Amino acid sequence: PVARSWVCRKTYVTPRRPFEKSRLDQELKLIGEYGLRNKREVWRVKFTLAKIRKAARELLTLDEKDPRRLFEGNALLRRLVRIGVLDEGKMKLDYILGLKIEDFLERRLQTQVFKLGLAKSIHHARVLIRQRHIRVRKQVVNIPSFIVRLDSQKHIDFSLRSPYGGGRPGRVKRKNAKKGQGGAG
Amino acid sequence: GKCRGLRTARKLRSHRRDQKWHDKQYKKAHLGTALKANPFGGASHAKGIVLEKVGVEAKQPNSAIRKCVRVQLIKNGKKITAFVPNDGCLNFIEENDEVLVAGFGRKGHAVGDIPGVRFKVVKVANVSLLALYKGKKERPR
Amino acid sequence: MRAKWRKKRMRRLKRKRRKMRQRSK
Amino acid sequence: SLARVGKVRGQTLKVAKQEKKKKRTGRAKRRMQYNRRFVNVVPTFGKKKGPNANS
Amino acid sequence: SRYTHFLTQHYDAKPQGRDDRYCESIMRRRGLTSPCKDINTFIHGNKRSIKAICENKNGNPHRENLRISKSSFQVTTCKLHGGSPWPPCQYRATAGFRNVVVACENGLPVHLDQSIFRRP
RNA sequence: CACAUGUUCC
RNA sequence: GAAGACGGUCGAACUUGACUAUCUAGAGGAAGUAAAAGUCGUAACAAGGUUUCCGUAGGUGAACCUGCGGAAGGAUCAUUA
RNA sequence: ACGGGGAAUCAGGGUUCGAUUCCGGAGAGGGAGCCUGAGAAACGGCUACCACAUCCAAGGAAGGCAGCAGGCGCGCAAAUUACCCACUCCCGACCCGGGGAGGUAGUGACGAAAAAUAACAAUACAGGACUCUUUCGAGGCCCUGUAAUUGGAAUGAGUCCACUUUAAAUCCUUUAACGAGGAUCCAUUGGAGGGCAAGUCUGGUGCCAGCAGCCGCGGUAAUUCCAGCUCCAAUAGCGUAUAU
């Protein structure tokens, strides 16, 4: 009897067919356009879409006016609008089925760095996450898979400790300066 | 089903309990006699002592001399014709050396080209046969 | 091979496997 | 006979594996792949060339 | 090992066919056509009389270690024709009733040199 | 009235 | 109030005997399957040269043969007042 | 074959697993018998027989890791003879004493969550929208890509202190110093005949060695063996075996 978790859930699902051309192209279009690191996080985002879509599908099988459908329906639509996936103008349980895989792909923080125009590239955008160069609500985030909500969209900016922001200049400038005055006397 | 009574669940249970025995893949695992003729005994691998290197000839026009090994089991005492997997690896395996034999993959059936063999060697003397063929690990003499 | 004499050979050999057994028992 | 073991592997003439520039790993391996699958291809009539095709 | 090598390269019980095809079919049934061997001979009959060649029972002596058969048998000499010693091998037959010139060792034939006629 | 058999890398 | 004894009880274990389970030696006999392209002869597939087949008996190197009763999966769905 | 909650798989239905931290049962070599106590047929309590086994002065005496570690053996198969009662709690006459229950580290590609192995610009070059030109070409108001080409800019592996963390630590996070241009600080594992994404590349091999789960390839111009080059899938994982 030792107190620990032992709770594991795999966040992804490998596809049934591993070697078909059709599925191979679509995910390649999703990696290159959104700057992903493997094919796993493609199905990982496709797995959490399969969780929400199934949770939406069984609610339709429960008939209307049911409080469980009324509560868990409105509880699910509460979170979809708070993270910038579904607009206020389409708040209904029928719309979750028409929600597609690229829709969550906007709400990755890495896209928001190439959306707000503070990155030269979407692939340069991930490095600004990796080098602790940007912060959200006075909190630096070293992980690109942070799912930004609709509320902090205007709070995305450079970190406080960053040469590309309001912080100390980096090591390359501190190295190109020591020979900039050490070579001049 | 064929008998569709309201309280015929016993007759419907006995048949899928009786006729289940006529299933070939079922009767192999739910009767230990197959586990008797199994040299391993439900194991993924087995260790044994090599005593000779046999040459077993092919059958079909894909005819060649397959380089096999007659291994003697060191947990039950059986004698098994293993198979040296890779090309020109019969020189790596030496005589009276412990080997890790395994199933071939078809699980108890002669696998095409080689007759009457279900078993291949993966390790010798705690050294893999991939590493020897790749030369990354050698036999310490 | 006919399925008729292959039954017959399996009947003369069957009567042998009993007749060599009864005297031993 | 078991004297012919390793016949070809000894007599296959060696080729020194020549030095070549290492490929960029990680997501950049997919960044370069995505390039030469969508953004650089021109509409060219004729049969589609294989990724290793040479005749 | 040397004895059965003779019975593969030089012996065949009943020669079904005797023609050019039969020479071209017996020679790849034994493994003699890789590469196609230039010429070869095959004896017919029973083995005890072939075994009788090592002594004076049905054998006279001939140069160093060779022996002529006293009574003759049937032989088949198949000549490879074509400047490629690689298959497909093309042979032409010759029927006949000739003697044998074998070089037997330990009582067992291993090498048959020539198939001759008796005397002119 | 009788008439059995086959050699096959391609 | 101890040692001890008498009786009673639960009762391990041991000798012996029976029953049962599993695995294993066996001269020899008898099958099976596979490796070759061996010997013998054609049984089947065309009316496969005596149509094939089923049950049952007896025989014969081997296929198989024959008797008796079937059957078409037969070479006739039919041949005449 | 310890049962159950349950786990793995799944459209629906089920199939299989559940020695394994929760409850309960059962037992501390094998069985039998008991003492004491509210509560035991108790075994880190006794008394026998049976097996194994320790020291002797040979008269005797003593033993029970299916407790924490650890050792052999068995094996295809499994960690350190570590630190501490601070947390969790329990026990006692008890604020204090004690607890290998437990907690903390160590080994640890069982396994799960996250996540590096680069980013940009200029030029030389291929190319796409415009106008002139019936083409050639062109500037590029606008790009796309490549090229041991050049150029700085930015980081963390790691060295490293300090605090922090904690019972004391370690690691995580924090702070100073250094710290990459072929960022040589260099990502593999399987395949490239079909099934199945991916050369009719090149040489060696010649029904040989071998490959391949299946079909099938090798008999001298091998799209299947062996090498190199290139290419394909997955990516710190992947193949293989066996179970379902």
# chains A, B, ... in the order shown; residues from 1 in each chain; ligands from 1
>>> select_by_dssp(residues="range 13-122 of chain B", states="strand (DSSP E)", output="number ranges by chain")
B: 45-52, 55-57, 65-73, 79-83, 98-103, 119-122
>>> write_last_selection(atoms="N, CA, C and O atoms", output="tab-separated table (two decimals), in the first residue's frame")
chain	number	residue	atom	x	y	z
B	45	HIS	N	10.19	-17.53	-25.46
B	45	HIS	CA	11.51	-17.99	-25.86
B	45	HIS	C	11.86	-19.25	-25.07
B	45	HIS	O	11.07	-19.75	-24.28
B	46	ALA	N	13.08	-19.75	-25.30
B	46	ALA	CA	13.62	-20.88	-24.55
B	46	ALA	C	15.12	-20.92	-24.76
B	46	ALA	O	15.61	-20.57	-25.83
B	47	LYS	N	15.84	-21.36	-23.73
B	47	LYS	CA	17.28	-21.54	-23.83
B	47	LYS	C	17.62	-23.02	-23.96
B	47	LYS	O	16.92	-23.88	-23.44
B	48	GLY	N	18.72	-23.30	-24.65
B	48	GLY	CA	19.14	-24.67	-24.84
B	48	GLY	C	20.59	-24.76	-25.26
B	48	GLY	O	21.25	-23.76	-25.52
B	49	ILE	N	21.07	-26.00	-25.34
B	49	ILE	CA	22.45	-26.30	-25.71
B	49	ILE	C	22.44	-26.82	-27.14
B	49	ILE	O	21.68	-27.74	-27.47
B	50	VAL	N	23.28	-26.24	-27.99
B	50	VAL	CA	23.42	-26.71	-29.36
B	50	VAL	C	24.31	-27.94	-29.36
B	50	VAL	O	25.31	-28.01	-28.62
B	51	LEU	N	23.93	-28.95	-30.13
B	51	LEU	CA	24.73	-30.16	-30.24
B	51	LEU	C	25.17	-30.49	-31.66
B	51	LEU	O	26.12	-31.25	-31.83
B	52	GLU	N	24.51	-29.92	-32.68
B	52	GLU	CA	24.86	-30.18	-34.07
B	52	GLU	C	24.19	-29.11	-34.93
B	52	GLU	O	23.19	-28.50	-34.53
B	55	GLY	N	21.63	-29.60	-41.86
B	55	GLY	CA	21.24	-28.99	-43.11
B	55	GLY	C	19.96	-29.60	-43.64
B	55	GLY	O	19.93	-30.76	-44.05
B	56	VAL	N	18.88	-28.83	-43.62
B	56	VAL	CA	17.58	-29.31	-44.08
B	56	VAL	C	17.27	-28.69	-45.43
B	56	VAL	O	17.27	-27.47	-45.61
B	57	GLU	N	16.97	-29.55	-46.40
B	57	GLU	CA	16.78	-29.15	-47.78
B	57	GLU	C	15.36	-28.65	-48.01
B	57	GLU	O	14.41	-29.05	-47.33
B	65	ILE	N	19.92	-25.26	-49.49
B	65	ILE	CA	20.26	-25.96	-48.25
B	65	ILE	C	20.13	-24.96	-47.11
B	65	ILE	O	21.00	-24.10	-46.93
B	66	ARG	N	19.05	-25.08	-46.34
B	66	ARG	CA	18.80	-24.19	-45.22
B	66	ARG	C	19.63	-24.65	-44.03
B	66	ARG	O	19.61	-25.83	-43.66
B	67	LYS	N	20.36	-23.71	-43.42
B	67	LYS	CA	21.31	-24.05	-42.37
B	67	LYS	C	20.61	-24.02	-41.02
B	67	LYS	O	20.35	-22.94	-40.47
B	68	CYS	N	20.33	-25.20	-40.47
B	68	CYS	CA	19.55	-25.34	-39.26
B	68	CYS	C	20.43	-25.88	-38.13
B	68	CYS	O	21.59	-26.25	-38.33
B	69	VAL	N	19.87	-25.91	-36.93
B	69	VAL	CA	20.60	-26.29	-35.73
B	69	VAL	C	19.74	-27.20	-34.87
B	69	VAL	O	18.59	-26.87	-34.56
B	70	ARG	N	20.29	-28.34	-34.47
B	70	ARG	CA	19.61	-29.29	-33.58
B	70	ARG	C	19.94	-28.92	-32.14
B	70	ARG	O	21.02	-29.23	-31.63
B	71	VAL	N	19.01	-28.24	-31.48
B	71	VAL	CA	19.23	-27.76	-30.12
B	71	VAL	C	18.60	-28.74	-29.13
B	71	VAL	O	17.60	-29.39	-29.44
B	72	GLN	N	19.22	-28.86	-27.97
B	72	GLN	CA	18.72	-29.71	-26.89
B	72	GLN	C	18.30	-28.78	-25.76
B	72	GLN	O	19.10	-27.99	-25.26
B	73	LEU	N	17.02	-28.87	-25.38
B	73	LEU	CA	16.42	-27.95	-24.43
B	73	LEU	C	17.01	-28.14	-23.04
B	73	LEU	O	17.30	-29.27	-22.64
B	79	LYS	N	14.66	-32.21	-27.73
B	79	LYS	CA	15.62	-31.94	-28.80
B	79	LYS	C	14.87	-31.31	-29.96
B	79	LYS	O	13.92	-31.90	-30.48
B	80	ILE	N	15.31	-30.12	-30.37
B	80	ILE	CA	14.58	-29.28	-31.32
B	80	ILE	C	15.52	-28.87	-32.44
B	80	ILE	O	16.69	-28.55	-32.21
B	81	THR	N	15.01	-28.89	-33.68
B	81	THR	CA	15.72	-28.36	-34.83
B	81	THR	C	15.40	-26.87	-34.94
B	81	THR	O	14.36	-26.46	-35.44
B	82	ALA	N	16.33	-26.05	-34.43
B	82	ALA	CA	16.25	-24.61	-34.61
B	82	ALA	C	16.66	-24.22	-36.02
B	82	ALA	O	16.86	-25.07	-36.90
B	83	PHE	N	16.79	-22.92	-36.25
B	83	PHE	CA	17.24	-22.40	-37.53
B	83	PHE	C	18.09	-21.16	-37.32
B	83	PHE	O	17.65	-20.20	-36.68
B	98	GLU	N	25.06	-21.88	-25.26
B	98	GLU	CA	23.67	-21.59	-24.95
B	98	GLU	C	23.08	-20.62	-25.97
B	98	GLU	O	23.72	-19.64	-26.36
B	99	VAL	N	21.86	-20.91	-26.41
B	99	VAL	CA	21.19	-20.14	-27.45
B	99	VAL	C	19.78	-19.80	-26.99
B	99	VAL	O	19.15	-20.56	-26.25
B	100	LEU	N	19.28	-18.65	-27.43
B	100	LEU	CA	17.90	-18.26	-27.18
B	100	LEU	C	17.09	-18.56	-28.42
B	100	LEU	O	17.10	-17.78	-29.38
B	101	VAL	N	16.40	-19.68	-28.42
B	101	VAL	CA	15.53	-20.03	-29.52
B	101	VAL	C	14.16	-19.43	-29.26
B	101	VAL	O	13.79	-19.15	-28.11
B	102	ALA	N	13.40	-19.19	-30.32
B	102	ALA	CA	12.10	-18.54	-30.22
B	102	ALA	C	11.18	-19.16	-31.26
B	102	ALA	O	11.59	-19.99	-32.07
B	103	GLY	N	9.92	-18.74	-31.23
B	103	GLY	CA	9.00	-19.13	-32.27
B	103	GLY	C	9.34	-18.45	-33.58
B	103	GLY	O	10.07	-17.46	-33.63
B	119	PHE	N	11.28	-22.74	-35.40
B	119	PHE	CA	12.13	-22.20	-34.35
B	119	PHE	C	13.38	-21.58	-34.94
B	119	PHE	O	14.03	-22.16	-35.82
B	120	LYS	N	13.71	-20.39	-34.46
B	120	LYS	CA	14.91	-19.69	-34.88
B	120	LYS	C	15.66	-19.17	-33.67
B	120	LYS	O	15.07	-18.92	-32.62
B	121	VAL	N	16.97	-19.03	-33.83
B	121	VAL	CA	17.85	-18.55	-32.77
B	121	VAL	C	17.93	-17.04	-32.85
B	121	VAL	O	18.06	-16.48	-33.95
B	122	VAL	N	17.83	-16.37	-31.71
B	122	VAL	CA	17.96	-14.92	-31.68
B	122	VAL	C	19.22	-14.48	-30.95
B	122	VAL	O	19.85	-13.49	-31.32
>>> interface_residues(of="chain B", to="chain D", cutoff="8 Å", atoms="only C-alpha atoms", output="number ranges by chain")
B: 55, 67, 87-91
>>> write_last_selection(atoms="C-alpha atoms", output="compact mmCIF listing (two decimals), in the first residue's frame")
# COMPACT_ATOMS: atom_id res chain seq x y z
CA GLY B 55 21.24 -28.99 -43.11
CA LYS B 67 21.31 -24.05 -42.37
CA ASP B 87 22.94 -15.20 -43.98
CA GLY B 88 26.32 -16.72 -43.20
CA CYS B 89 25.83 -16.69 -39.43
CA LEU B 90 26.63 -20.37 -38.88
CA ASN B 91 30.25 -19.42 -38.19
>>> residues_around(residues="residue 74 in chain A", least_positions_apart="5", cutoff="9 Å", atoms="only C-alpha atoms (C1' of nucleotides)", output="VMD selection string")
chain A and resid 69 79 92 to 93
>>> write_last_selection(atoms="N, CA, C and O atoms", output="PDB file, in the first residue's frame")
ATOM      1  N   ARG A  69     -29.221  16.003 -20.523  1.00  0.00           N
ATOM      2  CA  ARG A  69     -28.906  16.617 -21.806  1.00  0.00           C
ATOM      3  C   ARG A  69     -28.870  18.134 -21.698  1.00  0.00           C
ATOM      4  O   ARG A  69     -28.087  18.786 -22.398  1.00  0.00           O
ATOM      5  N   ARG A  79     -17.538  25.439 -22.471  1.00  0.00           N
ATOM      6  CA  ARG A  79     -16.094  25.437 -22.649  1.00  0.00           C
ATOM      7  C   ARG A  79     -15.691  25.676 -24.095  1.00  0.00           C
ATOM      8  O   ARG A  79     -14.616  26.230 -24.345  1.00  0.00           O
ATOM      9  N   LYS A  92     -25.027  25.843 -29.951  1.00  0.00           N
ATOM     10  CA  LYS A  92     -26.040  24.797 -29.978  1.00  0.00           C
ATOM     11  C   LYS A  92     -25.326  23.462 -30.110  1.00  0.00           C
ATOM     12  O   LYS A  92     -24.221  23.393 -30.654  1.00  0.00           O
ATOM     13  N   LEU A  93     -25.965  22.401 -29.609  1.00  0.00           N
ATOM     14  CA  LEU A  93     -25.291  21.107 -29.541  1.00  0.00           C
ATOM     15  C   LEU A  93     -25.185  20.441 -30.907  1.00  0.00           C
ATOM     16  O   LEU A  93     -24.363  19.537 -31.086  1.00  0.00           O
TER      17      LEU A  93
END
>>> residues_around(residues="residue 10 in chain F", least_positions_apart="4", cutoff="12 Å", atoms="only C-alpha atoms (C1' of nucleotides)", output="list in words")
residues 87, 88 and 89 of chain E; 219 of chain H
>>> write_last_selection(atoms="N, CA and C atoms (P, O5', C5', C4', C3', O3' and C1' of nucleotides)", output="PDB file, in the first residue's frame")
ATOM      1  N   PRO E  87      23.546 -22.918 -69.273  1.00  0.00           N
ATOM      2  CA  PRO E  87      22.241 -23.414 -69.733  1.00  0.00           C
ATOM      3  C   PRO E  87      21.483 -22.350 -70.507  1.00  0.00           C
ATOM      4  N   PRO E  88      20.530 -22.741 -71.375  1.00  0.00           N
ATOM      5  CA  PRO E  88      20.020 -24.080 -71.704  1.00  0.00           C
ATOM      6  C   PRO E  88      20.992 -24.931 -72.510  1.00  0.00           C
ATOM      7  N   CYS E  89      21.215 -26.154 -72.039  1.00  0.00           N
ATOM      8  CA  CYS E  89      22.232 -27.019 -72.610  1.00  0.00           C
ATOM      9  C   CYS E  89      21.613 -27.888 -73.698  1.00  0.00           C
TER      10      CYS E  89
ATOM     11  P     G H 219      19.064 -16.579 -61.957  1.00  0.00           P
ATOM     12  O5'   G H 219      20.386 -17.357 -62.377  1.00  0.00           O
ATOM     13  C5'   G H 219      20.716 -18.592 -61.769  1.00  0.00           C
ATOM     14  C4'   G H 219      20.906 -19.684 -62.790  1.00  0.00           C
ATOM     15  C3'   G H 219      20.171 -19.514 -64.111  1.00  0.00           C
ATOM     16  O3'   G H 219      20.915 -18.705 -65.006  1.00  0.00           O
ATOM     17  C1'   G H 219      19.972 -21.757 -63.308  1.00  0.00           C
TER      18        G H 219
END
>>> atom_distance(atom1="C1' of residue 239 in chain H", atom2="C1' of residue 191 in chain H")
10.7 Å
>>> residues_around(residues="residue 114 in chain A", least_positions_apart="3", cutoff="10 Å", atoms="only C-alpha atoms (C1' of nucleotides)", output="ChimeraX atom specification")
/A:34,109-111,117-126
>>> write_last_selection(atoms="N, CA and C atoms", output="short mmCIF file (atom, residue, chain, number, x, y, z; two decimals), in the first residue's frame")
data_model
loop_
_atom_site.label_atom_id
_atom_site.label_comp_id
_atom_site.auth_asym_id
_atom_site.auth_seq_id
_atom_site.Cartn_x
_atom_site.Cartn_y
_atom_site.Cartn_z
N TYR A 34 1.04 24.12 -39.95
CA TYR A 34 0.89 24.49 -38.54
C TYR A 34 2.15 24.23 -37.73
N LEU A 109 -1.01 27.81 -29.32
CA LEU A 109 -0.31 29.07 -29.09
C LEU A 109 0.68 29.37 -30.22
N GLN A 110 1.25 28.32 -30.82
CA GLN A 110 2.24 28.50 -31.88
C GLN A 110 1.65 29.22 -33.08
N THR A 111 0.39 28.93 -33.41
CA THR A 111 -0.25 29.64 -34.51
C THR A 111 -0.51 31.09 -34.15
N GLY A 117 1.61 38.25 -35.62
CA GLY A 117 2.62 38.91 -36.42
C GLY A 117 3.89 39.27 -35.70
N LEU A 118 4.19 38.63 -34.57
CA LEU A 118 5.45 38.84 -33.88
C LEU A 118 6.46 37.74 -34.16
N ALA A 119 6.19 36.87 -35.14
CA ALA A 119 7.14 35.86 -35.59
C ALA A 119 7.32 36.02 -37.09
N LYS A 120 8.57 35.91 -37.55
CA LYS A 120 8.82 35.90 -38.99
C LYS A 120 8.18 34.68 -39.65
N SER A 121 8.16 33.55 -38.95
CA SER A 121 7.63 32.31 -39.49
C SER A 121 6.82 31.58 -38.43
N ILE A 122 5.87 30.78 -38.91
CA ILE A 122 5.19 29.82 -38.05
C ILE A 122 6.18 28.82 -37.46
N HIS A 123 7.22 28.47 -38.21
CA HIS A 123 8.26 27.61 -37.67
C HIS A 123 9.24 28.38 -36.81
N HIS A 124 9.43 29.67 -37.10
CA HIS A 124 10.15 30.53 -36.16
C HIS A 124 9.31 30.82 -34.92
N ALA A 125 7.99 30.65 -35.01
CA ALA A 125 7.12 30.94 -33.88
C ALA A 125 7.31 29.95 -32.74
N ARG A 126 7.56 28.68 -33.07
CA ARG A 126 7.76 27.68 -32.02
C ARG A 126 9.03 27.93 -31.23
#
>>> select_by_dssp(residues="chain B", states="helix (DSSP H, G or I)", output="ChimeraX atom specification")
/B:9-22,24-29,32-37,129-134
>>> write_last_selection(atoms="N, CA and C atoms", output="compact mmCIF listing (two decimals), in the first residue's frame")
# COMPACT_ATOMS: atom_id res chain seq x y z
N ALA B 9 -32.57 -20.28 -23.06
CA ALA B 9 -31.22 -19.76 -22.92
C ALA B 9 -30.23 -20.86 -22.53
N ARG B 10 -30.73 -21.94 -21.93
CA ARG B 10 -29.85 -23.05 -21.60
C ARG B 10 -29.41 -23.79 -22.85
N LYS B 11 -30.37 -24.17 -23.70
CA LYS B 11 -30.06 -24.81 -24.98
C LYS B 11 -29.20 -23.91 -25.85
N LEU B 12 -29.41 -22.60 -25.75
CA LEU B 12 -28.60 -21.67 -26.53
C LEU B 12 -27.22 -21.47 -25.91
N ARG B 13 -27.06 -21.83 -24.63
CA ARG B 13 -25.74 -21.73 -24.03
C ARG B 13 -24.94 -23.00 -24.25
N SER B 14 -25.60 -24.15 -24.18
CA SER B 14 -24.90 -25.42 -24.30
C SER B 14 -24.30 -25.61 -25.69
N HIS B 15 -25.01 -25.16 -26.73
CA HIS B 15 -24.52 -25.32 -28.09
C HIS B 15 -23.25 -24.51 -28.32
N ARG B 16 -23.25 -23.24 -27.92
CA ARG B 16 -22.02 -22.46 -28.02
C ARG B 16 -21.01 -22.87 -26.96
N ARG B 17 -21.37 -23.80 -26.09
CA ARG B 17 -20.39 -24.49 -25.27
C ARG B 17 -19.98 -25.83 -25.87
N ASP B 18 -20.92 -26.55 -26.49
CA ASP B 18 -20.58 -27.80 -27.16
C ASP B 18 -19.91 -27.57 -28.50
N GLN B 19 -20.60 -26.89 -29.43
CA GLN B 19 -20.08 -26.67 -30.77
C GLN B 19 -18.82 -25.81 -30.77
N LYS B 20 -18.55 -25.10 -29.67
CA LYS B 20 -17.29 -24.38 -29.52
C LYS B 20 -16.10 -25.32 -29.59
N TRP B 21 -16.29 -26.58 -29.18
CA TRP B 21 -15.22 -27.56 -29.27
C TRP B 21 -14.87 -27.92 -30.70
N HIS B 22 -15.78 -27.75 -31.65
CA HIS B 22 -15.50 -28.05 -33.04
C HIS B 22 -14.71 -26.95 -33.73
N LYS B 24 -11.32 -25.19 -34.48
CA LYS B 24 -9.95 -25.68 -34.46
C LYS B 24 -9.03 -24.75 -33.67
N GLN B 25 -9.20 -23.44 -33.80
CA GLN B 25 -8.34 -22.51 -33.09
C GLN B 25 -8.68 -22.47 -31.60
N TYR B 26 -9.93 -22.81 -31.26
CA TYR B 26 -10.35 -22.85 -29.87
C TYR B 26 -9.85 -24.12 -29.19
N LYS B 27 -10.02 -25.26 -29.85
CA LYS B 27 -9.68 -26.55 -29.26
C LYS B 27 -8.18 -26.71 -29.03
N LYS B 28 -7.35 -25.93 -29.71
CA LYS B 28 -5.91 -25.99 -29.50
C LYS B 28 -5.49 -25.38 -28.18
N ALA B 29 -6.09 -24.26 -27.79
CA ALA B 29 -5.70 -23.57 -26.57
C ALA B 29 -6.47 -24.04 -25.35
N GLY B 32 -4.93 -28.90 -23.07
CA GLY B 32 -3.50 -28.86 -22.80
C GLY B 32 -2.66 -29.84 -23.58
N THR B 33 -3.28 -30.70 -24.39
CA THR B 33 -2.52 -31.67 -25.18
C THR B 33 -1.65 -30.97 -26.22
N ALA B 34 -2.15 -29.87 -26.79
CA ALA B 34 -1.31 -29.05 -27.65
C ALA B 34 -0.16 -28.43 -26.87
N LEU B 35 -0.41 -28.05 -25.62
CA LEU B 35 0.64 -27.54 -24.75
C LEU B 35 1.60 -28.63 -24.31
N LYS B 36 1.21 -29.90 -24.45
CA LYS B 36 2.14 -31.00 -24.20
C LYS B 36 3.13 -31.14 -25.34
N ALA B 37 2.63 -31.23 -26.58
CA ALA B 37 3.51 -31.31 -27.73
C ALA B 37 4.29 -30.03 -27.98
N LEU B 129 22.12 -12.02 -32.46
CA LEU B 129 22.63 -12.37 -33.78
C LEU B 129 22.47 -11.22 -34.76
N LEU B 130 21.67 -10.21 -34.42
CA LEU B 130 21.69 -8.98 -35.19
C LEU B 130 23.01 -8.26 -35.01
N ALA B 131 23.47 -8.13 -33.77
CA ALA B 131 24.71 -7.40 -33.50
C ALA B 131 25.92 -8.10 -34.09
N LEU B 132 25.90 -9.44 -34.13
CA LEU B 132 27.00 -10.16 -34.75
C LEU B 132 27.02 -9.98 -36.26
N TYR B 133 25.86 -10.08 -36.91
CA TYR B 133 25.79 -9.84 -38.35
C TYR B 133 26.14 -8.40 -38.68
N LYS B 134 25.69 -7.45 -37.86
CA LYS B 134 26.11 -6.07 -38.05
C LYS B 134 27.52 -5.82 -37.54
>>> decode(residues="range 88-107 of chain E", atoms="C-alpha atoms", output="mmCIF file, in the first residue's frame")
data_model
loop_
_atom_site.group_PDB
_atom_site.id
_atom_site.type_symbol
_atom_site.label_atom_id
_atom_site.label_comp_id
_atom_site.auth_asym_id
_atom_site.auth_seq_id
_atom_site.Cartn_x
_atom_site.Cartn_y
_atom_site.Cartn_z
ATOM 1 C CA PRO E 88 20.020 -24.080 -71.704
ATOM 2 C CA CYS E 89 22.232 -27.019 -72.610
ATOM 3 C CA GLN E 90 21.744 -28.639 -76.022
ATOM 4 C CA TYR E 91 22.773 -32.290 -76.389
ATOM 5 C CA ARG E 92 22.694 -34.819 -79.224
ATOM 6 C CA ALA E 93 22.361 -38.535 -78.553
ATOM 7 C CA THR E 94 24.010 -41.720 -79.789
ATOM 8 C CA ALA E 95 22.507 -45.159 -79.241
ATOM 9 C CA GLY E 96 24.646 -48.269 -79.360
ATOM 10 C CA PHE E 97 25.824 -51.525 -77.799
ATOM 11 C CA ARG E 98 29.404 -51.036 -76.602
ATOM 12 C CA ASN E 99 31.886 -52.053 -73.936
ATOM 13 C CA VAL E 100 33.048 -49.842 -71.072
ATOM 14 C CA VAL E 101 36.463 -48.682 -69.861
ATOM 15 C CA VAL E 102 36.059 -47.967 -66.144
ATOM 16 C CA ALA E 103 38.667 -47.172 -63.488
ATOM 17 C CA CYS E 104 37.281 -48.868 -60.406
ATOM 18 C CA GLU E 105 38.601 -48.447 -56.861
ATOM 19 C CA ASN E 106 38.104 -50.813 -53.891
ATOM 20 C CA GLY E 107 35.797 -52.926 -56.057
#
